[PDB]
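Raw contents of model23.txt, compact mmCIF, C-alpha atoms:
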# COMPACT_ATOMS: atom_id res chain seq x y z
CA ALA A 1 13.17 7.57 2.21
CA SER A 2 15.15 4.77 0.54
CA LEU A 3 18.78 5.30 -0.54
CA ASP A 4 20.02 8.67 -1.86
CA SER A 5 17.08 9.70 -4.07
CA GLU A 6 14.53 6.86 -4.06
CA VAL A 7 14.70 4.60 -7.14
CA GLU A 8 11.30 5.47 -8.65
CA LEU A 9 10.72 2.55 -11.04
CA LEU A 10 7.71 4.08 -12.83
CA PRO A 11 7.81 7.72 -14.08
CA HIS A 12 4.64 8.75 -12.20
CA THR A 13 3.95 9.76 -8.58
CA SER A 14 1.61 12.73 -8.06
CA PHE A 15 -2.05 12.08 -7.16
CA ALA A 16 -2.38 15.68 -5.94
CA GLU A 17 -3.49 17.19 -9.27
CA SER A 18 -4.20 14.23 -11.57
CA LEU A 19 -4.28 10.45 -11.05
CA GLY A 20 -1.90 10.10 -14.02
CA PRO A 21 -2.66 7.04 -16.20
CA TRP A 22 -3.77 5.03 -13.14
CA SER A 23 -7.38 3.80 -12.86
CA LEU A 24 -10.06 4.33 -10.19
CA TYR A 25 -13.68 3.16 -9.84
CA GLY A 26 -16.15 1.15 -7.73
CA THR A 27 -16.15 3.70 -4.88
CA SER A 28 -17.05 7.41 -4.81
CA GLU A 29 -15.80 9.49 -7.77
CA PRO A 30 -12.34 10.27 -6.29
CA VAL A 31 -11.42 13.97 -6.03
CA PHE A 32 -7.91 15.50 -5.95
CA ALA A 33 -8.82 18.27 -3.48
CA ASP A 34 -6.05 20.69 -2.44
CA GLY A 35 -3.29 18.21 -3.36
CA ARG A 36 -4.69 14.75 -2.55
CA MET A 37 -7.44 12.44 -3.87
CA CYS A 38 -9.90 10.76 -1.49
CA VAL A 39 -12.67 8.20 -2.02
CA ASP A 40 -15.72 7.78 0.26
CA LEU A 41 -15.62 4.12 1.35
CA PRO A 42 -18.01 4.28 4.37
CA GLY A 43 -20.83 2.49 2.50
CA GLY A 44 -20.52 -1.09 3.82
CA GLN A 45 -19.30 -3.52 1.13
CA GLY A 46 -17.91 -6.76 2.60
CA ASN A 47 -15.88 -7.44 -0.57
CA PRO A 48 -12.63 -5.57 -1.43
CA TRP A 49 -12.98 -6.57 -5.11
CA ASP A 50 -15.39 -3.62 -5.41
CA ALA A 51 -13.65 -0.23 -5.03
CA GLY A 52 -9.94 0.61 -5.42
CA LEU A 53 -7.27 2.07 -7.73
CA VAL A 54 -5.47 0.23 -10.56
CA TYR A 55 -2.47 0.71 -12.89
CA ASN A 56 0.05 -1.33 -14.91
CA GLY A 57 3.86 -1.10 -14.84
CA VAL A 58 5.45 -2.99 -11.92
CA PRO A 59 8.19 -5.39 -13.12
CA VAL A 60 9.31 -8.05 -10.60
CA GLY A 61 12.51 -10.13 -10.73
CA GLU A 62 11.72 -13.35 -8.83
CA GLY A 63 14.55 -13.45 -6.26
CA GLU A 64 14.82 -9.77 -5.28
CA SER A 65 12.54 -7.77 -2.96
CA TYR A 66 10.49 -4.75 -4.09
CA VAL A 67 8.87 -1.93 -2.08
CA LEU A 68 5.68 0.15 -2.44
CA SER A 69 5.63 3.68 -0.96
CA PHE A 70 2.01 4.89 -1.05
CA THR A 71 1.14 8.33 0.39
CA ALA A 72 -2.22 8.08 2.19
CA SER A 73 -4.02 7.56 5.52
CA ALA A 74 -7.18 5.78 6.70
CA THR A 75 -10.06 7.73 8.28
CA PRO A 76 -11.21 6.46 10.61
CA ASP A 77 -8.58 3.77 11.30
CA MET A 78 -8.69 0.16 10.04
CA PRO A 79 -6.84 -2.37 7.81
CA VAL A 80 -7.17 -2.50 4.00
CA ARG A 81 -6.09 -4.84 1.18
CA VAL A 82 -3.59 -4.40 -1.67
CA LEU A 83 -2.40 -6.68 -4.50
CA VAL A 84 0.31 -6.49 -7.19
CA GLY A 85 1.61 -8.78 -9.95
CA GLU A 86 0.85 -9.45 -13.64
CA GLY A 87 -2.53 -9.14 -15.40
CA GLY A 88 -3.18 -12.32 -17.41
CA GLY A 89 -1.79 -15.87 -17.69
CA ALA A 90 -0.36 -17.42 -14.50
CA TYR A 91 -2.57 -14.80 -12.80
CA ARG A 92 -0.86 -15.98 -9.59
CA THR A 93 0.78 -12.93 -7.97
CA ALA A 94 3.37 -12.54 -5.20
CA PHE A 95 2.15 -9.20 -3.80
CA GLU A 96 -1.17 -10.78 -2.79
CA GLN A 97 -1.87 -9.71 0.81
CA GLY A 98 -4.73 -8.29 2.92
CA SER A 99 -3.11 -7.22 6.22
CA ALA A 100 -2.28 -3.56 5.47
CA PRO A 101 -2.88 -1.46 8.63
CA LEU A 102 -3.57 2.27 8.11
CA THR A 103 -4.79 4.94 10.55
CA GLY A 104 -4.67 8.73 11.02
CA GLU A 105 -1.00 8.36 10.02
CA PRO A 106 -0.42 10.29 6.76
CA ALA A 107 2.89 9.35 5.10
CA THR A 108 4.57 6.86 2.74
CA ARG A 109 4.19 3.24 3.88
CA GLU A 110 6.85 0.86 2.54
CA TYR A 111 5.76 -2.74 1.90
CA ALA A 112 8.73 -5.02 1.16
CA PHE A 113 8.07 -8.48 -0.31
CA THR A 114 10.21 -11.24 -1.86
CA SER A 115 9.94 -11.70 -5.64
CA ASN A 116 9.02 -15.35 -6.31
CA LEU A 117 7.81 -15.04 -9.92
CA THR A 118 9.40 -12.98 -12.72
CA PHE A 119 6.98 -10.50 -14.34
CA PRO A 120 8.19 -8.73 -17.52
CA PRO A 121 6.36 -5.90 -19.36
CA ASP A 122 6.05 -7.94 -22.58
CA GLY A 123 3.93 -11.12 -22.70
CA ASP A 124 0.20 -10.28 -22.58
CA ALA A 125 1.06 -9.84 -18.88
CA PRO A 126 2.49 -6.37 -18.10
CA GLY A 127 2.71 -4.73 -14.65
CA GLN A 128 -0.38 -4.81 -12.40
CA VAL A 129 -1.33 -3.13 -9.10
CA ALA A 130 -4.84 -2.72 -7.67
CA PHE A 131 -5.29 -0.99 -4.29
CA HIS A 132 -8.12 -2.91 -2.60
CA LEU A 133 -9.62 -0.72 0.14
CA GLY A 134 -13.30 -1.64 -0.35
CA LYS A 135 -14.56 -3.39 2.80
CA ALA A 136 -17.83 -3.47 4.76
CA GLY A 137 -15.46 -2.12 7.43
CA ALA A 138 -13.68 0.17 4.94
CA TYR A 139 -13.96 3.94 5.47
CA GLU A 140 -12.15 6.80 3.69
CA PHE A 141 -8.81 6.64 1.82
CA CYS A 142 -6.91 9.86 1.03
CA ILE A 143 -3.99 9.41 -1.40
CA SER A 144 -1.81 12.16 -2.89
CA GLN A 145 1.18 10.16 -4.18
CA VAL A 146 2.08 6.55 -5.03
CA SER A 147 5.25 4.90 -6.38
CA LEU A 148 7.29 1.72 -5.83
CA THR A 149 11.10 1.53 -5.61
CA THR A 150 13.78 -1.00 -4.62
CA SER A 151 16.50 0.80 -2.62
CA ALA A 152 20.00 -0.51 -3.43
CA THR A 153 23.47 0.35 -2.07
How would this structure read if it were set down as structure tokens?
Amino acid sequence: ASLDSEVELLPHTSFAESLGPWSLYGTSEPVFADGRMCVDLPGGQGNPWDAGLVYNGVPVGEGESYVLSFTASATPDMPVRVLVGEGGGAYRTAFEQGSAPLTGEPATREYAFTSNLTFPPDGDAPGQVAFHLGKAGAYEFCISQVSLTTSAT
């Protein structure tokens, strides 16, 4: 993992029993089976802005680099899309990407990016993070945990 004891920034990381205060819709009613939640994304929607998870709370200090450690795998294999930033106002985000490769590899993936825009929790623009997996080429996404850290020494 990161440095001694990851630096969980948000007090929540257990999608095995409940999806905490996170959101989820657009795909198949997710289901936390044994200890993980999966969503059927085989349909065929050529537009990620359709199914995915969502949640606020993800401060960003323009200048430093953050990291997202999501626990999940793609079945079959294929790339997905993820975005993170504020939720109102500038709207422009820095965690806006669409090249996230995922296959039968279950584990925590760490995505490190450079903060280019400060994003505080107060200002009609709190934390924002929407996992975009919807895709005419999508498939199935099984997640059991999700949390972002920073790792400092």
Exercise. When you draw a straight line from atom CA of residue A:144 to atom CA of residue A:16, how long is it in Å?
Worked result: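 Here the two named atoms are 4.7 Å from each other.
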Exercise. So which residues touch residue A:125 within 7 Å, counting all atoms listed in the file, skipping near sequence neighbours fewer than 4 positions away, as an MDAnalysis selection string?
Worked result: chainID A and resid 86:89 121
For this session: Compile the contact shell of stretch 56-67 of chain A as a ChimeraX atom specification: residues with an atom at most 6 Å away, counting only C-alpha atoms, same-chain residues fewer than 6 positions apart removed.
Result: /A:110-120,127-128,148-150
Problem set entry | Expected answer as a ChimeraX atom specification: all residues with atoms within 10 Å of (-10.7, 3.7, -5.3), all atoms listed in the file | /A:23-30,37-41,50-54,130-134,140-143
Seminar exercise, completed: As a check of understanding: the span from atom CA of residue A:151 to atom CA of residue A:84 is 18.3 Å
For this session: Name the residues in contact with residue A:15 at a cut-off of 6 Å, using only C-alpha atoms, excluding same-chain residues fewer than 4 positions from it; report them as a list in words.
Result: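 Once the adjacent positions are removed, what remains is residues 19, 36, 144 and 145 of chain A.
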Store the residues picked out above, limited to C-alpha atoms, as a CSV table (one decimal), in the frame of the given file.
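Full text of selection_39.csv as output:
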chain,number,residue,atom,x,y,z
A,19,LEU,CA,-4.3,10.4,-11.0
A,36,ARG,CA,-4.7,14.8,-2.6
A,144,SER,CA,-1.8,12.2,-2.9
A,145,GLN,CA,1.2,10.2,-4.2
Problem set entry | residue A:43 surroundings by all atoms listed in the file, 8 Å radius, close-in-sequence under 6 positions cut, as a PyMOL selection string | chain A and resi 136+138-139
Problem set entry | Atom-to-atom span, atom CA of residue A:91 and atom CA of residue A:7, Å | 26.6 Å
Exercise. For residue A:100, which of A:126, A:21, A:79, A:46 is the closest residue, counting only C-alpha atoms?
Worked result: A:79
Using the partial input, fill out stretch 28-51 of chain A with N, CA, C and O atoms; write the result as a PDB file, in the coordinates of the input.
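Generated output (rebuild_28.pdb):
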ATOM      1  N   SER A  28     -16.468   6.075  -4.510  1.00  0.00           N
ATOM      2  CA  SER A  28     -17.050   7.410  -4.810  1.00  0.00           C
ATOM      3  C   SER A  28     -16.119   8.162  -5.767  1.00  0.00           C
ATOM      4  O   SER A  28     -14.922   8.217  -5.567  1.00  0.00           O
ATOM      5  N   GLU A  29     -16.659   8.741  -6.804  1.00  0.00           N
ATOM      6  CA  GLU A  29     -15.800   9.490  -7.770  1.00  0.00           C
ATOM      7  C   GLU A  29     -14.685  10.203  -6.996  1.00  0.00           C
ATOM      8  O   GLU A  29     -14.908  11.237  -6.399  1.00  0.00           O
ATOM      9  N   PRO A  30     -13.492   9.662  -7.004  1.00  0.00           N
ATOM     10  CA  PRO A  30     -12.340  10.270  -6.290  1.00  0.00           C
ATOM     11  C   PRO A  30     -12.213  11.768  -6.593  1.00  0.00           C
ATOM     12  O   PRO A  30     -12.728  12.248  -7.584  1.00  0.00           O
ATOM     13  N   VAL A  31     -11.544  12.514  -5.755  1.00  0.00           N
ATOM     14  CA  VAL A  31     -11.420  13.970  -6.030  1.00  0.00           C
ATOM     15  C   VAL A  31     -10.082  14.507  -5.502  1.00  0.00           C
ATOM     16  O   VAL A  31      -9.844  14.545  -4.309  1.00  0.00           O
ATOM     17  N   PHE A  32      -9.220  14.941  -6.386  1.00  0.00           N
ATOM     18  CA  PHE A  32      -7.910  15.500  -5.950  1.00  0.00           C
ATOM     19  C   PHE A  32      -8.128  16.893  -5.357  1.00  0.00           C
ATOM     20  O   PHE A  32      -7.914  17.900  -6.000  1.00  0.00           O
ATOM     21  N   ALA A  33      -8.565  16.947  -4.128  1.00  0.00           N
ATOM     22  CA  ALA A  33      -8.820  18.270  -3.480  1.00  0.00           C
ATOM     23  C   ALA A  33      -7.548  19.118  -3.522  1.00  0.00           C
ATOM     24  O   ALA A  33      -6.829  19.133  -4.503  1.00  0.00           O
ATOM     25  N   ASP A  34      -7.269  19.830  -2.465  1.00  0.00           N
ATOM     26  CA  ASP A  34      -6.050  20.690  -2.440  1.00  0.00           C
ATOM     27  C   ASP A  34      -4.922  19.990  -3.204  1.00  0.00           C
ATOM     28  O   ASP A  34      -4.535  20.407  -4.277  1.00  0.00           O
ATOM     29  N   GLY A  35      -4.391  18.929  -2.659  1.00  0.00           N
ATOM     30  CA  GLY A  35      -3.290  18.210  -3.360  1.00  0.00           C
ATOM     31  C   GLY A  35      -3.372  16.715  -3.036  1.00  0.00           C
ATOM     32  O   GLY A  35      -2.369  16.034  -2.955  1.00  0.00           O
ATOM     33  N   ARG A  36      -4.557  16.196  -2.858  1.00  0.00           N
ATOM     34  CA  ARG A  36      -4.690  14.750  -2.550  1.00  0.00           C
ATOM     35  C   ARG A  36      -6.053  14.243  -3.024  1.00  0.00           C
ATOM     36  O   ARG A  36      -7.016  14.981  -3.070  1.00  0.00           O
ATOM     37  N   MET A  37      -6.140  12.992  -3.384  1.00  0.00           N
ATOM     38  CA  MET A  37      -7.440  12.440  -3.870  1.00  0.00           C
ATOM     39  C   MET A  37      -8.017  11.494  -2.823  1.00  0.00           C
ATOM     40  O   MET A  37      -7.336  10.634  -2.301  1.00  0.00           O
ATOM     41  N   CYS A  38      -9.273  11.653  -2.510  1.00  0.00           N
ATOM     42  CA  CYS A  38      -9.900  10.760  -1.490  1.00  0.00           C
ATOM     43  C   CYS A  38     -11.125  10.072  -2.080  1.00  0.00           C
ATOM     44  O   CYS A  38     -11.737  10.547  -3.018  1.00  0.00           O
ATOM     45  N   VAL A  39     -11.485   8.950  -1.522  1.00  0.00           N
ATOM     46  CA  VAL A  39     -12.670   8.200  -2.020  1.00  0.00           C
ATOM     47  C   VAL A  39     -13.549   7.829  -0.818  1.00  0.00           C
ATOM     48  O   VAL A  39     -13.075   7.290   0.164  1.00  0.00           O
ATOM     49  N   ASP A  40     -14.820   8.114  -0.883  1.00  0.00           N
ATOM     50  CA  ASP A  40     -15.720   7.780   0.260  1.00  0.00           C
ATOM     51  C   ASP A  40     -15.959   6.269   0.294  1.00  0.00           C
ATOM     52  O   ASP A  40     -16.645   5.721  -0.547  1.00  0.00           O
ATOM     53  N   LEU A  41     -15.408   5.589   1.265  1.00  0.00           N
ATOM     54  CA  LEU A  41     -15.620   4.120   1.350  1.00  0.00           C
ATOM     55  C   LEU A  41     -16.336   3.744   2.654  1.00  0.00           C
ATOM     56  O   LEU A  41     -16.082   2.698   3.216  1.00  0.00           O
ATOM     57  N   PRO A  42     -17.239   4.569   3.127  1.00  0.00           N
ATOM     58  CA  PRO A  42     -18.010   4.280   4.370  1.00  0.00           C
ATOM     59  C   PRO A  42     -19.203   3.355   4.098  1.00  0.00           C
ATOM     60  O   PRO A  42     -19.697   2.681   4.978  1.00  0.00           O
ATOM     61  N   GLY A  43     -19.666   3.340   2.877  1.00  0.00           N
ATOM     62  CA  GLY A  43     -20.830   2.490   2.500  1.00  0.00           C
ATOM     63  C   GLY A  43     -20.937   1.267   3.422  1.00  0.00           C
ATOM     64  O   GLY A  43     -21.478   1.339   4.508  1.00  0.00           O
ATOM     65  N   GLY A  44     -20.440   0.143   2.987  1.00  0.00           N
ATOM     66  CA  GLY A  44     -20.520  -1.090   3.820  1.00  0.00           C
ATOM     67  C   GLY A  44     -20.455  -2.303   2.887  1.00  0.00           C
ATOM     68  O   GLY A  44     -21.321  -3.155   2.891  1.00  0.00           O
ATOM     69  N   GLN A  45     -19.434  -2.375   2.075  1.00  0.00           N
ATOM     70  CA  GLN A  45     -19.300  -3.520   1.130  1.00  0.00           C
ATOM     71  C   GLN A  45     -18.327  -4.554   1.687  1.00  0.00           C
ATOM     72  O   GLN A  45     -17.141  -4.313   1.781  1.00  0.00           O
ATOM     73  N   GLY A  46     -18.816  -5.708   2.050  1.00  0.00           N
ATOM     74  CA  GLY A  46     -17.910  -6.760   2.600  1.00  0.00           C
ATOM     75  C   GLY A  46     -17.231  -7.498   1.442  1.00  0.00           C
ATOM     76  O   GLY A  46     -17.305  -8.706   1.333  1.00  0.00           O
ATOM     77  N   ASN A  47     -16.567  -6.781   0.577  1.00  0.00           N
ATOM     78  CA  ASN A  47     -15.880  -7.440  -0.570  1.00  0.00           C
ATOM     79  C   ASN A  47     -14.924  -6.443  -1.232  1.00  0.00           C
ATOM     80  O   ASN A  47     -15.323  -5.643  -2.055  1.00  0.00           O
ATOM     81  N   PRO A  48     -13.668  -6.488  -0.871  1.00  0.00           N
ATOM     82  CA  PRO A  48     -12.630  -5.570  -1.430  1.00  0.00           C
ATOM     83  C   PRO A  48     -12.694  -5.489  -2.962  1.00  0.00           C
ATOM     84  O   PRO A  48     -12.542  -4.431  -3.539  1.00  0.00           O
ATOM     85  N   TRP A  49     -12.913  -6.594  -3.620  1.00  0.00           N
ATOM     86  CA  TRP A  49     -12.980  -6.570  -5.110  1.00  0.00           C
ATOM     87  C   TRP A  49     -14.161  -5.698  -5.549  1.00  0.00           C
ATOM     88  O   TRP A  49     -14.974  -6.100  -6.357  1.00  0.00           O
ATOM     89  N   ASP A  50     -14.260  -4.507  -5.024  1.00  0.00           N
ATOM     90  CA  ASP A  50     -15.390  -3.620  -5.410  1.00  0.00           C
ATOM     91  C   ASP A  50     -14.852  -2.215  -5.724  1.00  0.00           C
ATOM     92  O   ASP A  50     -15.045  -1.694  -6.804  1.00  0.00           O
ATOM     93  N   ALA A  51     -14.185  -1.599  -4.785  1.00  0.00           N
ATOM     94  CA  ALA A  51     -13.650  -0.230  -5.030  1.00  0.00           C
ATOM     95  C   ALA A  51     -12.130  -0.229  -4.828  1.00  0.00           C
ATOM     96  O   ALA A  51     -11.606  -0.941  -3.993  1.00  0.00           O
TER      97      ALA A  51
END
